Amino acid sequence: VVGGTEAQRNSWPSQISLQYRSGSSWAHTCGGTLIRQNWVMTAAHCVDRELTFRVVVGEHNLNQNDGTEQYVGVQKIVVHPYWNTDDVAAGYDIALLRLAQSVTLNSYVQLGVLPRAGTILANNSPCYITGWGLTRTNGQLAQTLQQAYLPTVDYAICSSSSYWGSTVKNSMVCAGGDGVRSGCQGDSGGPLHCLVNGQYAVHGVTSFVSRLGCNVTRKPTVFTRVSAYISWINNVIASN
Ligand SMILES: *[C@](=O)([C]([N]C(=O)[C]1[C][C][C]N1C(=O)[C]([N]C(=O)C1=[C][C]=C(C(=O)[N][C]C([O])=O)[C]=[C]1)[C]([C])[C])[C]([C])[C])C(F)(F)F
Ligand SMILES: [Ca+2]
């Protein structure tokens, strides 16, 4: 997250770090949100790959012992059936990951709240991204959870030619696009927390930003619109 600030240890307790085996040690590669105690929501393209995955909940500094961490393996990856690795811009960039045992909840570990199916935000909605991704284009990972105020840019505006054109669709959400603050690599798969009727809920999963760079004016960070995939989520979880 470029242009962020570091978050307080207990603000965003559904935040997770998704990591791989890197071999001898582990390496953050994306974010995720805790949505059940044995289930996490992240982006299909962060689990595209043949690596071993773990998840870390109660994580504030990726280095440094926090005193609050729980580390749990991933048992089972369900990618959207229509995701195609070649095409982030088609959408479906969404995956659920079954953990090997359920985490315990506390003040640093909590379940993400999901929007009602179908909800769409007004323009210029209040929303935060959070993550450990690069703090500059072609920079380095934060060591501490960062967060950045990114309000929404609605589908017609984000849709216009001066912004994403065509490449956005309506199964997606745009937020930011001011030139200063944005998502960046290593924030992929994590939450976009929006304020709606006094409670924060997770309305996006971080997907993509532009090839010219992370914080570019008029190319907002783009995310999977959670509210288009409610029924898919609940059907996976039901099934396993
Ligand atoms: C994540 O932290 C990171 N996301 C990405 O890395 C994603 C993964 C796939 C490519 N990603 C991009 O964000 C890249 N985007 C593009 O290269 C790109 C932009 C736009 C389009 C498009 O307009 N197609 C339209 C059409 O009409 O079909 C395609 C491709 C950028 C340059 C890096 C953060 C950036 C969120 C992680 F890094 F892990 F992946
Ligand atoms: Ca730590």
Side-chain angles (χ1 to χ4, degrees), residues 1-43 46-47 51-77 95-114 127-136 139-150 181-195 199-206 214 221 223:
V1 163
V2 181
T5 64
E6 97 100 346
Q8 228 270 29
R9 309 198 152 269
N10 55 2
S11 339
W12 302 115
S14 45
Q15 182 73 63
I16 78 76
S17 162
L18 178 56
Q19 310 175 169
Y20 71 118
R21 216 170 118 255
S22 72
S24 67
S25 38
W26 292 88
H28 183 73
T29 37
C30 286
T33 292
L34 187 66
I35 62 149
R36 300 277 197 284
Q37 9 174 239
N38 54 347
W39 282 103
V40 335
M41 179 178 61
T42 181
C46 302
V47 294
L51 319 158
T52 311
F53 286 111
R54 84 179 178 185
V55 334
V56 359
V57 309
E59 183 75 306
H60 181 54
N61 185 298
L62 278 159
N63 70 40
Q64 288 39 310
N65 205 335
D66 288 299
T68 54
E69 316 84 324
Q70 68 234 84
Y71 297 103
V72 315
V74 175
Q75 152 191 155
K76 174 57 161 308
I77 303 176
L96 309 177
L97 308 185
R98 196 158 75 274
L99 290 350
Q101 214 251 231
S102 337
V103 146
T104 330
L105 320 169
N106 64 43
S107 76
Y108 311 105
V109 185
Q110 267 309 344
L111 311 184
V113 239
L114 290 222
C127 302
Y128 275 96
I129 186 179
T130 51
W132 292 279
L134 266 48
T135 71
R136 287 213 135 190
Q140 54 197 333
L141 300 170
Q143 289 184 27
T144 59
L145 191 49
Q146 311 285 311
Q147 70 176 51
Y149 177 78
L150 244 50
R181 313 96 104 171
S182 73
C184 213
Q185 359 291 313
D187 302 310
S188 292
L192 189 70
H193 303 289
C194 303
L195 200 261
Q199 107 173 80
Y200 279 97
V202 179
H203 283 255
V205 5
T206 314
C214 290
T221 312
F223 307 71

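Note that these values count all heavy atoms, side chains included, but never hydrogens, waters or copies made by symmetry. Residue numbers start at 1 and run along the sequence shown.
What you find for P191 and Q15 is that their closest heavy atoms are CD-OE1, 3.4 Å. Nearest heavy-atom pair, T33 versus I16, reported as atom, atom and distance to 0.1 Å: N-CG1, 4.2 Å. Of all the heavy atoms in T144 and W132, the pair that sits closest is C-CD1, 3.5 Å. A7 and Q147 get closest at one heavy-atom pair: CB-OE1, 3.5 Å. Residues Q146 and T135 share a closest heavy-atom pair of CG-CG2, 4.5 Å. Between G4 and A148, the shortest heavy-atom distance links the atoms CA-CB, 4.2 Å.
Under the 3.5 Å distance criterion, the side-chain polar atoms of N61 are left unmatched by any main-chain donor or acceptor of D66. The backbone N or O of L62 lies less than 3.5 Å from no partner atom in the side chain of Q64, so there is not a single donor-acceptor pair.
Contact of the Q110 side chain with the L105 side chain is registered, since non-hydrogen atoms from C-beta on lie closer than 4.5 Å. A heavy-atom distance below 4.5 Å is not found between the side chains of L97 and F53. Annotation: side chain of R181 is not in contact with side chain of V2 (no heavy-atom distance under 4.5 Å). Proximity of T130 to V1: side-chain heavy atoms (C-beta onward) are nowhere separated by under 4.5 Å. You'll find the side chain of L134 stays beyond 4.5 Å of the side chain of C214, heavy atoms only. Using a 4.5 Å heavy-atom threshold, the side chains of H60 and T68 count as separate. Side-chain atoms of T206 and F223, non-hydrogen and from C-beta on, do get closer than 4.5 Å to each other. Proximity of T104 to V109: side-chain heavy atoms (C-beta onward) are nowhere separated by under 4.5 Å.
Rounding to the nearest 0.5 Å gives a distance of 7.5 Å between OG1 of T29 and CG of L51. Rounding to the nearest 0.5 Å places CZ of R36 at 13.5 Å from CZ of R98. To the nearest 0.5 angstrom, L141 atom CG is 9.5 Å from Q185 atom CD. With rounding to the nearest 0.5 angstrom, the CE atom of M41 is 8.0 Å from the OG atom of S14. In this structure, CD in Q75 is found 8.5 Å from CG in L99, a value given to the nearest 0.5 Å. Atoms CD and CG, from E59 and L18 in turn, are 12.5 Å apart once rounded to the nearest 0.5 Å.
Within 6.0 Å of CD on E6 lie more than 12 heavy atoms contributed by other residues, nucleotides or ligands.
You'll find the ring centres of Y149 and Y128 inside the 6.0 Å limit.
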Before giving the answer on side-chain contact (heavy atoms from CB on, under 4.5 Å), spell out for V103 and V55 the whole-Å C-alpha distance, their side-chain angles and the decisive distance to 0.1 Å.
CA-CA 10 Å; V103 146; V55 334; over 6 Å; no
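Ring-plane geometry between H193 and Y200 is classed as perpendicular, the angle between the planes exceeding 60 degrees on a 0 to 90 degree scale with a lower cut at 30.
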